[PDB]
Amino acid sequence: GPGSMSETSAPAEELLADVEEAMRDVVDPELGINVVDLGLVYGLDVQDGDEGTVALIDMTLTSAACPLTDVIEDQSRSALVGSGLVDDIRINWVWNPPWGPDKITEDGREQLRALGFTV
């Protein structure tokens, strides 16, 4: 179900096509569920700086302890980084704690300087 929708980001030409593509990977077209409709995903803040360009996305799941986290992270990060709109993202899972620690994804955790890991 496409249409002239408004994500506000990107020029109307680019946004339409790119979001149409993104919405294919960041949705459940199997049974037809759209996470955005849960109306927590309304909370997204993309902060750009000299350090980098990070898209923060406030999300939640049935119990936030489901292995669906990998799926949303992979599909979201994969597309968003490919769209070029943002390079860094962080999907945080909130159902109890204050928005902060939840925003530490595999990007920050595994590739922390203390680990010295580099891909």
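Definitions and cut-offs
Residues numbered from 1 in each chain as written, not as in the entry; some residues may be left out. Heavy atoms only, no water. Salt bridge = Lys/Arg side-chain N within 4 Å of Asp/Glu carboxyl O. Helix = DSSP H or I, 4+ residues; strand = E, 2+ residues; numbered from the N terminus. Buried < 20%, exposed > 50% of the residue type's maximum accessible area, 1.4 Å probe, protein only. Expected span 1.5 Å × (residues − 1). Arc of directions from axis to C-beta. Core = buried A, V, L, I, M, F, W, Y, C linked by side-chain atoms within 4.5 Å. Pairing = 2+ DSSP bridges. Axes fitted to C-alpha atoms, helices over the stretch in contact; angles between N-to-C directions. UniProt positions renumbered as here; feature names shortened; annotations may be inferred. Right-handed = clockwise from strand over helix to strand, strands pointing away.

As deposited, the entry is annotated with solution NMR as its determination method.

Caption draft 1: Expanded view of the pattern of salt bridges. Scanning the model with the defined rule gives 6 salt bridges in all. Between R77 and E106 there is a salt bridge whose closest N-O contact spans 2.8 Å. Of this pair, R77 sits in helix 2 (residues 68–83) while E106 sits in helix 3 (residues 106–110), and the two are 29 residues apart along the sequence. In this structure, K103 engages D102 in a salt bridge whose closest nitrogen and oxygen atoms are separated by 3.7 Å. In this structure, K103 and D102 share a single accessibility class: buried. Via salt bridges that share partners, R77, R90, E106 and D107 belong to a single interconnected network.

Caption draft 2: Just helix 2, in detail. Given a rise of 1.5 Å per residue, 16 residues ought to cover 22 Å, and the 22 Å separating the end C-alpha atoms of helix 2 matches this to within 8%. Within helix 2, burial applies to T69, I72, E73, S76, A79 and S83. Seen end-on, helix 2 carries its buried residues on one side only, within an arc spanning 160 degrees. Opposite the buried face of helix 2, at more than 90 degrees from it, the exposed residues are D70, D74 and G82.

Caption draft 3: How the structure looks around the nonpolar core. Core analysis: the biggest nonpolar cluster contains 10 residues, these being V41, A55, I57, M59, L61, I72, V86, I89, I91 and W93. If you list the elements that add at least two residues to this core, you get strand 2 (53–59) and strand 3 (88–93).

Caption draft 4: Focus on the sheet that holds strand 1 (residues 44–48). Strand order in the open sheet formed by 3 strands is 1-2-3, and the pairing between neighbours is mixed. Strand pairing shows two members of the sheet lacking a second neighbour, strand 1 and strand 3, which therefore form its edges. The sheet shows a mean angle of 15 degrees between the axes of neighbouring strands, taken without regard to direction. One ladder, built from 6 bridges, connects strand 2 with strand 3; its direction is parallel.

Caption draft 5: Local environment of the UniProt feature "domain: MIP18 family-like" (unreviewed entry) in the protein. In the numbering used here, UniProt assigns the "domain: MIP18 family-like" (unreviewed entry) feature to residues 17–83. Annotated as 37% helix and 18% strand, the span residues 17–83 places its first and last C-alpha atoms 10 Å apart.

Caption draft 6: Structural detail: unusual backbone geometry. For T8, which is not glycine, the phi torsion reads 75 degrees and is therefore positive. Relative to the assigned elements, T8 resides in the segment before helix 1 (12–25). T8 gets classed as exposed once you look at its relative accessible area, which sits at 76%.

Caption draft 7: Seen up close, the pairing of strand 3. Judged by how many residues are buried, strand 3 sits mostly within the fold: 5 of 6 residues are covered. At this point the chain moves from strand 2, through helix 2, to the parallel strand 3, and the crossover so formed is right-handed.

Caption draft 8: How the structure looks around the pairing of strand 1. With 5 bridges connecting them, strand 1 and strand 2 associate as antiparallel partners. Residue pairing in the sheet places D48 in a bridge with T53 of strand 2. In this structure, the hairpin formed by strand 1 and strand 2 is closed by a connection of 4 residues.

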